[PDB]
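These notes concern the structure reproduced below.
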Amino acid sequence: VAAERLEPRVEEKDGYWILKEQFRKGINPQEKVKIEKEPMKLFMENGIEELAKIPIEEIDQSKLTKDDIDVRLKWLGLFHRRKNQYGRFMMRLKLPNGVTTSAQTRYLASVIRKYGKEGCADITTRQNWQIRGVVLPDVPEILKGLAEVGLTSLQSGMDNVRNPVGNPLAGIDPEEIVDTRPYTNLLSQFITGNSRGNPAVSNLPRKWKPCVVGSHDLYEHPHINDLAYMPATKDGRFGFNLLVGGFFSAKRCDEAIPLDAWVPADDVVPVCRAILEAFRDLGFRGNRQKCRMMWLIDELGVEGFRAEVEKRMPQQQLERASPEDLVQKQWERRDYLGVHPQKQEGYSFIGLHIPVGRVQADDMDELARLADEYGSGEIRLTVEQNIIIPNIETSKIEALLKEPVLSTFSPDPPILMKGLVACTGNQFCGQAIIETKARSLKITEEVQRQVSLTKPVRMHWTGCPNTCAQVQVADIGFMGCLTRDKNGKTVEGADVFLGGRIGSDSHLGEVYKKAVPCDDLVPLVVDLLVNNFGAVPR
Ligand code: SRM
Ligand code: SF4
Ligand SMILES: [Cl-]
Ligand SMILES: [Cl-]
Ligand SMILES: [K+]
């Protein structure tokens, strides 16, 4: 690699970071949008106030403003559902470590409630909240309301740092390695500039995902993150070994690889900054499918990339990885649904199943009520789109289990439901090829009616090749497609994936059978479960 390849391609100009004039040739259309107007100005210079007053029909009449609502607003966590819910916006938060409060939950519920049939909310595969139904004129007030309850939606979509994922059992599990909350909190504060915006990390070549590991279970899925912090002692000091480059895409799925770097615990933010600066400064900005950070690592080689991180560390120091980390390979992933004792004597947490992560305003209020009556007003989200309510005095559990809402959001649903994960799908998502959430519930219910089993089989349903529901991690995965019935009629289908493993012995699954009509999946899945997962016909 020539020395010229290492010239930073962006520069700071008036508080924002822009592509240098000599690096603008051949860039993709999204890069052109970012050059035409800095997206962060919508928040940091309050551009949203005037934009929100323009009728959407007028907005659509000029490229600049249409790009504002369809592209730039994703820097404020707002996602125009142009195709499938025209004029409405999904809104996505920062929620480091999946931690929310009852007050925040009620606030989000009050927002979606206003929108009636156009509103609802979802737990995401990054243990995050999305709300739906938002209209542009309400955006300024919603931004204010979020801030009032201690939430931000900054930099949650497009070419930004995604929600920092941590251990859902952080601080409460007798078996945790290290509480991940302080680190995910710090990362979120760094990324968003303490909820004011951080332009230094908002003009990346592409999305970028971080997680901090604190569980032997590896609930955080470090193998699929762009940066994963693996807890490790080195020379008698606590810190993290670093894995880099994990990502999924239609084109390519790759597990994270060692950077061959260890940092002391206090260097979590400095090294996040150094890696992001290297990616920002040096990453390809052509074909969007070749812009994720792993592509830069392949171009420079991992050592070449490492040197770029190192030069951007304070005092330009970056130690090599510790030979061992603290994660025990002898481990069985633990079910967190149901009632479990905390490390604090006399306290329990309860994991509740949220069917395909979907909730209405009334459901959110009820969950918030439970967290107040039984817990400490805290609700935690998980990457399987479930919830945990921690800090419940154990003597209260008997009463809790009798609460009517637990018949819907159950501490002990059937085993296949426990592991079921599904993306948004075509109810709202314009990329989706099929409907996912309703279909996956229906099929899973029919399958479980036919077979019993004891193995915790994890089924993931994703609506298109973007694989937001991570079919490549599933025991059985379903990727949306259109296919044909016996008469040659167009029908919704799924490509079925097998072979995904999580935890320390991770592995990426691959397509096993293409183009199966959705109406034909039940017998296929029943047979797979009996033949490969020890299921028994009822
Ligand atoms: C909500 C969520 C799925 C879910 O039901 O939980 C989702 C939703 C969408 N994703 Fe994603 N992604 C979700 C996690 C993921 C993950 C999984 C993960 O992070 O572990 C991936 C695969 C892992 C990865 O990217 O490395 C993922 C891969 C993408 C991709 C493909 C990325 C690529 O490099 O090609 C896009 C489209 C793109 O960027 O080209 C996409 C684009 C989208 C958009 C924003 C497209 C759009 O504007 O319509 C989806 C919004 C639909 C909607 O209305 O909800 N989404 N997306 C997840 C929100 C996470 C969060 O809170 O931030
Ligand atoms: S996998 Fe496809 S259909 Fe599902 S939310 Fe992501 S982009 Fe939409
Ligand atoms: Cl996005
Ligand atoms: Cl759309
Ligand atoms: K769920």
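How things are named: the first chain in the structure tokens is A, the next is B, and so on; residues count from 1 in each chain; ligands count from 1 in the order shown.
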List all protein, DNA and RNA residues that have at least one atom no more than 7 Å from any atom of ligand 1, counting only C-alpha atoms and all ligand atoms, and write them as a ChimeraX atom specification. /A:79,81,90,92,123-130,156-158,162-163,207,209,224-225,246-250,289,292,422-424,428-431,466-470
The selected residues should be written to file as a compact mmCIF listing (two decimals), in the first residue's frame (atoms: C-alpha atoms).
```
# COMPACT_ATOMS: atom_id res chain seq x y z
CA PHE A 79 -36.77 7.48 8.90
CA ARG A 81 -41.48 5.43 5.43
CA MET A 90 -40.07 5.83 12.24
CA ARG A 92 -34.90 5.29 16.44
CA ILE A 123 -37.73 -3.47 20.22
CA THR A 124 -34.85 -3.83 17.78
CA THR A 125 -32.09 -6.39 17.28
CA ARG A 126 -29.73 -3.84 18.86
CA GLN A 127 -31.79 -3.78 22.13
CA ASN A 128 -33.18 -0.37 21.13
CA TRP A 129 -36.54 1.39 20.80
CA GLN A 130 -38.21 2.41 17.56
CA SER A 156 -28.91 6.34 14.93
CA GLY A 157 -29.20 5.72 11.16
CA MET A 158 -27.17 6.22 7.98
CA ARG A 162 -25.21 2.46 15.82
CA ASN A 163 -26.61 1.68 19.27
CA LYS A 207 -22.81 2.54 9.30
CA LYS A 209 -21.69 -1.03 15.09
CA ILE A 224 -20.84 -9.56 14.21
CA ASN A 225 -19.86 -6.07 15.40
CA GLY A 246 -17.79 -7.89 11.79
CA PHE A 247 -20.74 -7.08 9.53
CA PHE A 248 -23.65 -8.45 7.52
CA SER A 249 -24.79 -7.30 4.09
CA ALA A 250 -26.60 -8.69 1.05
CA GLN A 289 -21.66 -2.37 -0.82
CA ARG A 292 -18.20 -1.12 5.49
CA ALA A 422 -38.14 -10.95 13.37
CA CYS A 423 -37.39 -7.69 11.62
CA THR A 424 -39.87 -4.95 10.71
CA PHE A 428 -43.43 -0.52 7.35
CA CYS A 429 -40.09 -1.17 5.63
CA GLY A 430 -39.79 -0.18 1.95
CA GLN A 431 -36.98 -2.68 1.27
CA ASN A 466 -30.09 -6.67 4.40
CA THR A 467 -30.53 -9.27 7.17
CA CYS A 468 -31.37 -6.87 10.00
CA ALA A 469 -32.76 -9.88 11.88
CA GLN A 470 -29.43 -11.65 11.44
```
| said: Using only C-alpha atoms and all ligand atoms, which residues have at least one atom no more than 9 Å from ligand 5? Output them as a PyMOL selection string. | reply: chain A and resi 123+352-358+382-387+417-422
(request) Name all residues at most 12 Å from residue 120 (chain A) (count only C-alpha atoms; drop same-chain ones fewer than 5 positions away) and give them as a ChimeraX atom specification. (result) /A:89-91,108-115,129-134,357-364,424,427-428
Region 505-512 of chain A environment, 6 Å, only C-alpha atoms, sequence neighbours closer than 3 positions dropped, as an mmCIF file with C-alpha atoms, in the first residue's frame:
```
data_model
loop_
_atom_site.group_PDB
_atom_site.id
_atom_site.type_symbol
_atom_site.label_atom_id
_atom_site.label_comp_id
_atom_site.auth_asym_id
_atom_site.auth_seq_id
_atom_site.Cartn_x
_atom_site.Cartn_y
_atom_site.Cartn_z
ATOM 1 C CA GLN A 472 -26.863 -15.931 9.590
ATOM 2 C CA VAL A 473 -26.816 -16.348 13.412
ATOM 3 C CA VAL A 496 -34.111 -21.134 4.623
ATOM 4 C CA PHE A 497 -30.733 -20.850 6.402
ATOM 5 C CA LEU A 498 -29.062 -23.396 8.690
ATOM 6 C CA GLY A 499 -25.801 -23.556 10.624
ATOM 7 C CA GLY A 500 -25.725 -20.338 12.651
ATOM 8 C CA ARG A 501 -24.110 -20.620 16.081
ATOM 9 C CA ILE A 502 -23.673 -17.974 18.778
#
```
Using only C-alpha atoms and all ligand atoms, find the one residue out of A:160, A:22, A:101, A:391 that sits nearest to ligand 3.
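Ranked by minimum distance to ligand 3, first place goes to A:160.
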Checklist line | Those of region 194-436 of chain A in DSSP strand (DSSP E), formatted as a ChimeraX atom specification | finding: /A:210-212,227-234,237-244,257-264,338-341,347-352,358-359,378-381,387-393,421-422
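Those residues that approach residue 339 (chain A) to within 10 Å, counting only C-alpha atoms, are residues 348, 349, 350, 351, 352, 388, 389, 390, 392, 394, 397, 401, 411 and 412 of chain A; same-chain residues fewer than 5 positions away are not listed.
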Show me, as a ChimeraX atom specification, the residues that have an atom within 10 Å of residue 334 (chain A) when counting only C-alpha atoms, minus same-chain residues fewer than 6 positions from it.
/A:216-217,219,456
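You will find CA of residue 329 (chain A) at 13.1 Å from CA of residue 177 (chain A).
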Could you jot down the CA of residue 35 (chain A) to CA of residue 12 (chain A) separation for me, Å, one decimal place?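 Going from CA of residue 35 (chain A) over to CA of residue 12 (chain A) covers 12.9 Å.
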For residue 236 (chain A), work out the shell of residues within 12 Å, counting only C-alpha atoms and skipping chain neighbours fewer than 4 positions away, then give it as a ChimeraX atom specification. /A:232,264,322
Return the single residue from A:393, A:295, A:183, A:252 that is closest to residue 344 (chain A), with distances computed using only C-alpha atoms.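 Among the listed residues, A:393 lies closest to residue 344 (chain A).
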